[PDB]
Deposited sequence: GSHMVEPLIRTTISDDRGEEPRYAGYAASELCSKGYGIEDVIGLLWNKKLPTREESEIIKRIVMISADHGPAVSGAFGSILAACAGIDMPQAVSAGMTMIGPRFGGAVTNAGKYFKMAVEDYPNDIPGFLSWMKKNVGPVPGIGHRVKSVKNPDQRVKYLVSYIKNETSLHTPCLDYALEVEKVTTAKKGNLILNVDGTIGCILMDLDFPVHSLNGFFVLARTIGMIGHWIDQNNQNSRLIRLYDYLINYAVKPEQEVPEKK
């Protein structure tokens, strides 16, 4: 039988799943964390302890940015429409792209090009930068070039961690899913009603009323 799909990251056929060769429960038993599973499933590599400390902080820092932004607001709109959590969160996730979250992969991409082709106050940035430059020994050429914005900081850092270029948006997608789930729960706890924008929030730049011509 010719297979329909080819997978390289996980095997569910045994007693429990294997993530890049490692048993899920053995990762739990030996003290590994969510950040380690992220490394295994997205990069097929168990992160080093410093890499795991950076992944953890990137996800924590990126988890939510309030209810006003497109991802969270999409989830809220769906929550208020009575849609179930997974589907509501999927609507918020659909907002992630070139304008909402996209500054991470683009920063990473252009600062990598800058390092190769042109080699020669936000408290979260000052925290992240000081953590990676002082509490780790990770070589951060892209970040160092950028130092010579949180999306800029995170994007440079992920290119410097050698994560595949295809994986970079994953950090923002996963992290913001925590906030979007949270917003859905918050609206459900409040028993929020359907949202319908107020008329004065809309500029109805519409055609004048006209009668339909006969045919």
Report summary line: Stretches of deposited sequence not represented by any CA atom are 1-4, 125-152, 181-194, 262
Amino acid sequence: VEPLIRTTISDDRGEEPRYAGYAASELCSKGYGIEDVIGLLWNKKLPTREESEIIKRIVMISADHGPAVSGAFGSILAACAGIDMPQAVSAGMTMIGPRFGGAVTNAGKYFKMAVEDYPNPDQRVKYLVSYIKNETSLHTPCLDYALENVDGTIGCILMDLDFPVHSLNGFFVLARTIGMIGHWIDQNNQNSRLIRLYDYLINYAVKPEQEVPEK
From here on, numbers count along this sequence of modelled residues.
Query raised in the report: Relative to the other PDB entries of this protein in the set, is residue 149 coordinate-less in at least a third?
Result: yes
**Report entry** Other entries lacking residue 106, at least a third
**Finding:** no
Report task. Tell me which of 125-133 and 92-100 has the higher mean C-alpha B-factor in the deposited entry. Result -> 125-133
Query raised in the report: According to the deposited model, is the average Cα temperature factor higher in 77-85 or in 139-147?
Result: 139-147
**Report entry** Chain thirds of CA B-factor: placement of residue 169
**Finding:** middle
Requested in this report: Check where residue 179 lands among this chain's C-alpha B-factors and tell me if it's the lowest, middle or highest third.
Outcome: lowest
Report task. Taking the values exactly as deposited, rank residue 186 by C-alpha B-factor within its chain and report the matching third: lowest, middle or highest. Result -> lowest
Query - Record-listed C-alpha B factor of residue 160: chain third - result: highest
